[PDB]
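So the sequence shown is residues -3 to -1, 1445 to 1522, counted in the deposited numbering. Don't be surprised by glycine CBs; every beta carbon is placed ideally from N, CA and C. In what follows, a structure is listed as C-alpha cells, so that the remarks can point back to it.
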Amino acid sequence: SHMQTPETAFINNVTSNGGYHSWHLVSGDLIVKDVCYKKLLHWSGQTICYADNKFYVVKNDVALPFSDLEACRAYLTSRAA
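And the structure:
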C-alpha cells in the first residue's frame, strides 16, 4: 500500500503494458484464506495473485508459493513456450 514489493516490481513494468507474454493484465483482487491477494495477472489455466510480500500462482485447483524473485520471473517467462 505504501512501498510496492520486489516481486511485483519487475512485473508492474509489464502490468502497465497489458500483462506478461501469455499472462494478461488484470486486477480483480482475489481474497482467500483471509489473505486479500492482488490479481496482478491472469491467464487461462493459472492466476498471478501476490500478497503483502508473497507471490502465488494458483493452478487448475492448487497453490504454488514462490521462493525468490528469480522464481517469480521464471514463472512468467518460463510458464509456456
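Would you kindly work out how many angstroms separate the C-alpha atoms of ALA1522 and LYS1474, rounded to a whole number? 32 angstroms
Three-state secondary structure assigned by DSSP to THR1488: strand
In angstroms, rounded to a whole number, what distance separates the CA positions of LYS1480 and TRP1464? 11 angstroms
DSSP state of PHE1507 mapped onto helix, strand, coil: coil
Do you know whose CA, among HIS1483, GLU1511, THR1518 and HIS(-2), lies nearest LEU1466's CA? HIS1483
Could you tell me the alpha carbon to alpha carbon distance between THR1446 and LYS1495, rounded to whole angstroms? 9 angstroms
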